[PDB]
Amino acid sequence: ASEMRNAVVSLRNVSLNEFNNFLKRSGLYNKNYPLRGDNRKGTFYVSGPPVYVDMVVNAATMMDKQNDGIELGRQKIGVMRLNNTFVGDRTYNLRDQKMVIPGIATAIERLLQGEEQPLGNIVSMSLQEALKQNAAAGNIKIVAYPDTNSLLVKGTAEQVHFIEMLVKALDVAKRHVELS
Amino acid sequence: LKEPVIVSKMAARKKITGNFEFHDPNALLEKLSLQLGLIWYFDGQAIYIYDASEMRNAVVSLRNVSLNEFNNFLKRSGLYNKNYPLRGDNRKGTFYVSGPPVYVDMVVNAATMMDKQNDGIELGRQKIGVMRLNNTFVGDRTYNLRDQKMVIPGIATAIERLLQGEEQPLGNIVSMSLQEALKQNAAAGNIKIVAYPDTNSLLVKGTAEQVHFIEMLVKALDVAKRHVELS
Amino acid sequence: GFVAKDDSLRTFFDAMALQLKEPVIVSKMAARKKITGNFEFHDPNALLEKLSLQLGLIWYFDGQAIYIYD
């Protein structure tokens with residue numbers, strides 16, 4: 001009993017509750033000696049016999065090197081049909097000035113240029129979530145597509161939801177003005 | 001007790017005389033800090049009883065976690081010794097450690113592992129704002145008045161070159177304390193505005209107060225123009 | 001209260017830890033000398049302001065412990 005060791009081991013790609021259910025399936029979990037967790041911290045704390053102490057230290061190192069090769073991001077493709085305007089840049093050859101009008105897919109294309117950052121809230125599993133709400137805004141890529149008057153967007157599974165909140169609040173139905 | 005008890009070399013040295021019933025091993029040790037002069041720590045599955053003269057200290061910096069953010073972490077963990085609280089400082093990103101050398105050295109490794117997690121997590125949440133203008137057009141207009149080719153810059157070209165470069169935040173228009181101070185430390189150069197003509201509207205982006213804040217500017221910059229007629 | 005009569009400071013400053021919930025830790029030079037006098041344990045913080053006028057020691061209370069040095 002006097003030979004009990006301690007250990008402080010960081011855990012990169014596994015959550016604290018993700019790690020605890022791993023030992024239940026393994027059969028190596030000593031229910032008499034639980035591991036001591038911390039909800040907003042990616043570590044755990046070890047107490048017990050020096051075989052079981054040194055075994056779980058090598059466990060967290062081998063679990064984290066596995067999930068470094070596994071990539072978490074699942075890009076999905078969304079298709080929005082516009083309703084109140086065309087797509088693509090239009091030019092008006094009005095013979096006094098060559099004016100250009102950029103479309104949807106050119107405006108917010110150069111808006112999100114570069115900018116390693118995530119994007120927020122439009123105004124007119126905690127590490128498992130925080131690492132997919134840490135996706136780059138520059139990884140959005142939008143291509144116009146005329147013969148269905150539709151857009152092609154791509155992103156991680158909330159920001160393809162999230163720019164479609166923008167484009168729904170940006171194509172209002174235009175109004176007619178007549179002249180005399 | 002079902003949980004075993006582990007003592008040190010100095011803790012197993014002395015003796016004792018008195019009535020000490022084993023009906024509550026946790027409440028007995030609070031009296032044994034008043035009788036034997038020892039310190040103790042119950043992590044949840046064992047008791048670590050060490051010498052009182054072996055108490056260590058520690059000064060550990062804490063980068064991406066606040067002082068009240070760190071304190072509620074130990075409440076959820078079950079490792080928090082309410083008998084030995086940690087000593088905080090409201091405008092300082094550290095904390096101070098006192099107790100047994102297991103519990104002292106455990107929380108030193110705790111703050112190092114919590115700060116390396118939140119370095120990968122990025123705090124900034126850019127949002128996109130859409131302002132419809134009311135009293136002027138958008139985009140640069142040119143007047144081909146055949147005596148001089150004059151140019152008139154729009155909204156989105158004027159304050160575009162105004163905020164060029166300039167790693168700095170922006171202030172107050174004149175006509176959780178570290179959690180806030182690191183998002184009021186966003187660069188003014190990261191604003192990017194693109195004009196958008198066929199709704200006569202702007203597209204702006206920024207962190208969640210400066211997209212509020214340049215819209216205070218553009219609301220005070222497009223006044224309705226007045227008519228002058230000539231004879 | 002309690003009256004000290006030529007006892008060592010090792011047991012005397014441990015007697016403060018016998019009364020106060022916060023333990024008392026002294027150094028090697030602080031546990032060397034002795035004391036004689038009436039020093040009641042009713043206020044361990046106010047007793048040490050008198051013990052800088054009797055024993056010639058310094059002390060610091062961080063909030064959870066007392067560090068009494070030379």
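Ideal geometry is used to build each Cβ from the backbone, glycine not excepted, and the neighbour counts take in all protein chains shown. Read the figures in this text as sums done on the coordinates, not as results from a lab.
Annotations
- Electrostatic dipole magnitude of the range B:24-144 [Cβ: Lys, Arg +1; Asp, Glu -1; Cα centre; debye, to 20]: 720
- Here the range B:87-231 is assigned +1 on the Cβ of each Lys and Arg and -1 on the Cβ of each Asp and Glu. Its dipole about the Cα centre then comes out at about 340 debye.
- At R0 = 45 Å, FRET efficiency that the Cβ-Cβ distance of A:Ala130 and B:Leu221 yields, to 0.05: 0.70
- Over the protein assembly as shown, dividing the summed -39,500 (n - 2.57) contributions of all DSSP H runs of at least 4 residues by the number of residues returns a 222 nm mean residue ellipticity of -8500 deg cm²/dmol.
- Test item: Cα-centred dipole of the range B:41-97, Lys/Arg +1 and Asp/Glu -1 on Cβ, debye: 300
- At an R0 of 30 angstrom, the distance between the Cβ atoms of A:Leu179 and B:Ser175 translates into a FRET efficiency of 0.25.
- Within 10 Å of each Cβ in B:126-139, the average number of Cβ atoms from other chains: 4
- Where a label projected 7 Å from the Cα of C:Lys50 along Cα→Cβ would reach, residues of the range C:5-32 with amide N under 19 Å: C:5-21
- Counted over all Cα-Cα pairs of the range A:77-180, pairs farther apart than 21 Å make up 45 percent.
- With the simple spin-label model, which puts each label point 7 Å out from Cα in the Cβ direction, the B:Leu230 to B:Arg146 separation comes to 1.4 nm.
- For chain B, the fraction of C-alpha pairs farther apart than 21 angstrom is 71 percent.
- Averaged over the residues of C:16-26, the number of partner chain Cβ atoms lying within 10 Å of the residue Cβ comes to 4.
- Placing unit charges on the Cβ atoms of the charged side chains and taking the dipole of the protein assembly as shown about its Cα centre, the candidate lying farthest along the positive direction among A:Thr61, C:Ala17, B:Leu170 is A:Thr61.
- Residue pairs exceeding 26 angstrom between C-alpha atoms, taken from B:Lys149/B:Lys225; A:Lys154/B:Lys183; B:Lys9/B:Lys116; A:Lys24/B:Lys2: A:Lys154/B:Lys183; B:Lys9/B:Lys116.
- Spatial separation of Cα centroids for the range B:163-198 and the range B:61-113, in angstrom: 34
- Inter-label distance for A:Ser15 and B:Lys9, nm, one decimal - labels placed 7 Å from Cα along Cα-to-Cβ: 4.5
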